[PDB]
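Enquirer: target34.txt is the file, holding compact mmCIF, N, CA and C atoms:
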```
# COMPACT_ATOMS: atom_id res chain seq x y z
N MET K 1 3.43 -19.46 -15.31
CA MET K 1 2.97 -18.87 -14.02
C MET K 1 1.57 -18.28 -14.14
N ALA K 2 0.74 -18.55 -13.14
CA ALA K 2 -0.63 -18.06 -13.12
C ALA K 2 -0.67 -16.54 -13.08
N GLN K 3 -1.63 -15.96 -13.79
CA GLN K 3 -1.79 -14.51 -13.83
C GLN K 3 -2.11 -13.99 -12.43
N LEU K 4 -2.45 -14.91 -11.54
CA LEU K 4 -2.76 -14.57 -10.17
C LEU K 4 -1.48 -14.10 -9.49
N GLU K 5 -0.37 -14.74 -9.83
CA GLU K 5 0.93 -14.37 -9.26
C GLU K 5 1.30 -12.95 -9.64
N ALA K 6 0.97 -12.57 -10.87
CA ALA K 6 1.26 -11.23 -11.36
C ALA K 6 0.44 -10.19 -10.61
N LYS K 7 -0.79 -10.54 -10.26
CA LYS K 7 -1.66 -9.63 -9.53
C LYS K 7 -1.16 -9.46 -8.10
N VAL K 8 -0.65 -10.54 -7.50
CA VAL K 8 -0.15 -10.45 -6.13
C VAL K 8 1.12 -9.59 -6.14
N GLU K 9 1.91 -9.73 -7.20
CA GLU K 9 3.14 -8.95 -7.35
C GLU K 9 2.83 -7.47 -7.50
N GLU K 10 1.74 -7.17 -8.21
CA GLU K 10 1.31 -5.79 -8.42
C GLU K 10 0.90 -5.18 -7.08
N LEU K 11 0.22 -5.98 -6.27
CA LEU K 11 -0.24 -5.54 -4.96
C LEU K 11 0.95 -5.27 -4.04
N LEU K 12 1.98 -6.10 -4.15
CA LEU K 12 3.19 -5.94 -3.33
C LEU K 12 3.95 -4.70 -3.78
N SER K 13 4.10 -4.53 -5.09
CA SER K 13 4.81 -3.38 -5.62
C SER K 13 4.12 -2.07 -5.27
N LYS K 14 2.79 -2.06 -5.36
CA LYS K 14 2.02 -0.87 -5.03
C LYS K 14 2.18 -0.56 -3.56
N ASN K 15 2.20 -1.62 -2.75
CA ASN K 15 2.37 -1.46 -1.31
C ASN K 15 3.72 -0.80 -1.04
N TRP K 16 4.76 -1.28 -1.72
CA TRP K 16 6.10 -0.73 -1.53
C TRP K 16 6.19 0.72 -1.97
N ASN K 17 5.59 1.05 -3.10
CA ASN K 17 5.62 2.42 -3.59
C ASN K 17 4.90 3.37 -2.64
N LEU K 18 3.78 2.92 -2.07
CA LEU K 18 3.03 3.75 -1.12
C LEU K 18 3.86 3.97 0.15
N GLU K 19 4.45 2.89 0.66
CA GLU K 19 5.27 2.97 1.86
C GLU K 19 6.48 3.87 1.66
N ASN K 20 7.08 3.79 0.48
CA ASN K 20 8.25 4.61 0.20
C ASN K 20 7.87 6.07 0.05
N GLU K 21 6.68 6.32 -0.48
CA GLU K 21 6.20 7.70 -0.63
C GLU K 21 6.01 8.28 0.77
N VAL K 22 5.33 7.52 1.62
CA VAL K 22 5.07 7.93 2.99
C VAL K 22 6.38 8.14 3.74
N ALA K 23 7.35 7.27 3.49
CA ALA K 23 8.65 7.39 4.14
C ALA K 23 9.33 8.68 3.70
N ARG K 24 9.26 9.01 2.42
CA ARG K 24 9.87 10.24 1.93
C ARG K 24 9.15 11.48 2.48
N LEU K 25 7.84 11.37 2.68
CA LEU K 25 7.09 12.51 3.22
C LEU K 25 7.47 12.72 4.68
N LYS K 26 7.70 11.62 5.40
CA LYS K 26 8.08 11.71 6.80
C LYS K 26 9.42 12.42 6.93
N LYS K 27 10.33 12.12 6.00
CA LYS K 27 11.65 12.74 6.03
C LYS K 27 11.55 14.23 5.73
N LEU K 28 10.67 14.59 4.80
CA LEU K 28 10.47 15.99 4.43
C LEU K 28 10.01 16.82 5.61
N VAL K 29 9.05 16.29 6.37
CA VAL K 29 8.52 17.02 7.52
C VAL K 29 9.30 16.80 8.81
N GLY K 30 10.36 16.01 8.74
CA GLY K 30 11.19 15.77 9.91
C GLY K 30 10.81 14.63 10.84
N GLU K 31 9.80 13.85 10.46
CA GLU K 31 9.36 12.73 11.28
C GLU K 31 10.30 11.55 11.14
N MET F 1 -10.33 -22.05 5.68
CA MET F 1 -9.62 -21.13 4.73
C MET F 1 -8.12 -21.11 4.99
N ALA F 2 -7.34 -21.17 3.91
CA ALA F 2 -5.89 -21.17 4.01
C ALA F 2 -5.38 -19.87 4.62
N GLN F 3 -4.34 -19.97 5.44
CA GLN F 3 -3.74 -18.81 6.09
C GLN F 3 -3.19 -17.87 5.03
N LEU F 4 -3.08 -18.38 3.81
CA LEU F 4 -2.58 -17.59 2.70
C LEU F 4 -3.61 -16.50 2.39
N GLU F 5 -4.88 -16.85 2.50
CA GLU F 5 -5.96 -15.90 2.23
C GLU F 5 -5.90 -14.74 3.21
N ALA F 6 -5.56 -15.04 4.46
CA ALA F 6 -5.46 -14.03 5.50
C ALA F 6 -4.31 -13.07 5.20
N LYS F 7 -3.22 -13.60 4.66
CA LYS F 7 -2.07 -12.78 4.33
C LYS F 7 -2.38 -11.87 3.14
N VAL F 8 -3.16 -12.37 2.18
CA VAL F 8 -3.51 -11.55 1.03
C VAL F 8 -4.45 -10.44 1.49
N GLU F 9 -5.32 -10.76 2.44
CA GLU F 9 -6.26 -9.79 3.00
C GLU F 9 -5.51 -8.69 3.75
N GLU F 10 -4.45 -9.08 4.44
CA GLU F 10 -3.62 -8.13 5.19
C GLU F 10 -2.95 -7.16 4.22
N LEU F 11 -2.49 -7.70 3.09
CA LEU F 11 -1.83 -6.91 2.06
C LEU F 11 -2.81 -5.92 1.44
N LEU F 12 -4.05 -6.35 1.25
CA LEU F 12 -5.09 -5.49 0.68
C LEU F 12 -5.46 -4.40 1.66
N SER F 13 -5.64 -4.77 2.93
CA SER F 13 -6.01 -3.80 3.96
C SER F 13 -4.92 -2.75 4.15
N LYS F 14 -3.66 -3.20 4.13
CA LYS F 14 -2.54 -2.28 4.30
C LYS F 14 -2.50 -1.34 3.12
N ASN F 15 -2.78 -1.88 1.94
CA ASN F 15 -2.79 -1.07 0.72
C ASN F 15 -3.85 0.02 0.86
N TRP F 16 -5.03 -0.36 1.34
CA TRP F 16 -6.12 0.60 1.50
C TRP F 16 -5.79 1.67 2.52
N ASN F 17 -5.20 1.27 3.64
CA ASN F 17 -4.84 2.24 4.68
C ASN F 17 -3.80 3.23 4.17
N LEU F 18 -2.83 2.76 3.39
CA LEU F 18 -1.81 3.64 2.84
C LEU F 18 -2.43 4.62 1.84
N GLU F 19 -3.29 4.11 0.97
CA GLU F 19 -3.95 4.94 -0.03
C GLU F 19 -4.84 5.99 0.63
N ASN F 20 -5.52 5.60 1.70
CA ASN F 20 -6.40 6.53 2.39
C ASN F 20 -5.60 7.59 3.12
N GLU F 21 -4.43 7.22 3.62
CA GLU F 21 -3.56 8.17 4.31
C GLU F 21 -3.10 9.20 3.29
N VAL F 22 -2.63 8.72 2.15
CA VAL F 22 -2.16 9.58 1.07
C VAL F 22 -3.28 10.48 0.58
N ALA F 23 -4.49 9.93 0.50
CA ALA F 23 -5.64 10.71 0.06
C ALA F 23 -5.92 11.83 1.06
N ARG F 24 -5.84 11.54 2.36
CA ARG F 24 -6.08 12.56 3.37
C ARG F 24 -4.98 13.62 3.35
N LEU F 25 -3.75 13.22 3.03
CA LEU F 25 -2.66 14.18 2.98
C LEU F 25 -2.84 15.10 1.78
N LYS F 26 -3.35 14.55 0.68
CA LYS F 26 -3.58 15.35 -0.52
C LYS F 26 -4.63 16.42 -0.23
N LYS F 27 -5.65 16.05 0.54
CA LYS F 27 -6.71 16.99 0.87
C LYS F 27 -6.17 18.10 1.78
N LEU F 28 -5.30 17.73 2.71
CA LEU F 28 -4.71 18.69 3.63
C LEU F 28 -3.93 19.77 2.89
N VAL F 29 -3.13 19.36 1.91
CA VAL F 29 -2.31 20.30 1.15
C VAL F 29 -3.03 20.91 -0.05
N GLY F 30 -4.29 20.53 -0.25
CA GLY F 30 -5.06 21.09 -1.35
C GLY F 30 -4.99 20.40 -2.70
N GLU F 31 -4.30 19.27 -2.77
CA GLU F 31 -4.16 18.53 -4.02
C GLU F 31 -5.43 17.75 -4.33
```
Step by step, read the file and then write its structure as structure tokens.

Expert:
Amino acid sequence: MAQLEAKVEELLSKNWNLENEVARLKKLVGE
Amino acid sequence: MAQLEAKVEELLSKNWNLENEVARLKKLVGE
């Protein structure tokens, strides 16, 4: 598999972690 | 240009918007 696939996977994982962080912050503040 | 490029661009832009949101939240709370 091309190392390019690994970089796209990293971008997806980072996206998910950011979204989940934001989701947890929304729950904390009641949003 | 392949529509695939547009999707990767969307992923990058979303990543940037999430990071910038988190960065602004850190500034708000003093982190």

Enquirer: What does the distance between CA of residue 21 in chain F and atom N of residue 9 in chain F come to in Å, to one decimal place?

Expert: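 Atom N of residue 9 in chain F lies at a distance of 19.1 Å from CA of residue 21 in chain F.
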
Enquirer: Residues of chain K were defined as contacting chain F if any atom lay at most 7 Å from it, counting all atoms listed in the file; please report them as a ChimeraX atom specification.

Expert: /K:11,14-15,18-19

Enquirer: Padding of 6 Å on every side, edges along x, y and z, all listed atoms of range 9-18 of chain K included: what centre and edge lengths in Å, to one decimal, does that box have, as AutoDock Vina command-line options?

Expert:
```
--center_x 3.0 --center_y -2.9 --center_z -4.1 --size_x 18.4 --size_y 25.7 --size_z 20.6
```

Enquirer: Could you give me, as a ChimeraX atom specification, each residue of chain F that DSSP assigns to alpha helix (DSSP H) when run on this structure's backbone?

Expert: /F:3-28

Enquirer: Atom N of residue 26 in chain F to atom N of residue 26 in chain K: how many Å, to one decimal?

Expert: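 Interatomic distance here is 12.4 Å.
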
Enquirer: I'd like the interatomic distance between CA of residue 28 in chain F and CA of residue 20 in chain K, to a tenth of an Å.

Expert: 19.4 Å
